[PDB]
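Read the single chain below, which is given as structure tokens and is the form deposited in one PDB entry.
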């Protein structure tokens, strides 16, 4: 660590203590241990574009050997990824891609297609009939935009599915729940929710269970954090989109070491995504 012996790679999460990003860090740290590189996990305490960009520039100013980060937005992150690359520091994107930038490689879900699968799933389980509200991590983050947009394309040929609300959770359980509650009071006809980040469906499920209505509410969310699996087992959540956070962190560090060695790697490595339901539990 406090040695120049080792390569220094930085992994920047969307939010430092977000549960999903700590899983990504587990994968990255394990790859780093196997390779004998120093992996520094450095990120905003509270998700924030400007703070995220400040940490990227600070790591590049410390002349680290590689930087792994989301290309969180196209407008702000492409020029910064490019300027870092031009200072001879390779950039690997993780979890969210910036495909027009000069990042060397991406490891993460195909986010558009993840949302499309969620849209297919909701249309199948509701037989094409649903009054849908969407809770998304943010309206500006690229992976959130793609998961919403893929969902919308997938349900567009279902005349009986209508989206009546889209709200931001800022990837916390508490804002997801707050938004779910206000959606239900302004739109009492909502009977389906779609969450596009790891804590959204958890926030919705808490609010749905506090009503304990007879007429059920369909919830499809993202990722497989323990609370999500529990709600899926309870039947409160109907489905969720799988990602491979540990694997993208592990593979991003392995790719970075290959790049530092002068070796080619694929431009895009899409880790597995698929919709699972209660019938797919155990795992």
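Residue numbers count along the first chain shown, from 1. By rigid core we mean the largest C-alpha set that fits within 1.5 Å across both forms.
Below: the form deposited in another entry, not depicted.
- Annotation for residue 235: C-alpha shift under 2 angstroms between the shown form and the other one, rigid core superposed.
- Residue 41 is among the residues whose C-alpha shifts by 2 Å or more between the shown form and the other one once the rigid core is aligned.
- In a rigid-core overlay of the protein, residue 23 has its C-alpha displaced by at least 2 Å between the shown form and the other one.
- In the other form, the Cα atoms of residue 17 and residue 170 sit 3 Å or more farther from each other than they do here.
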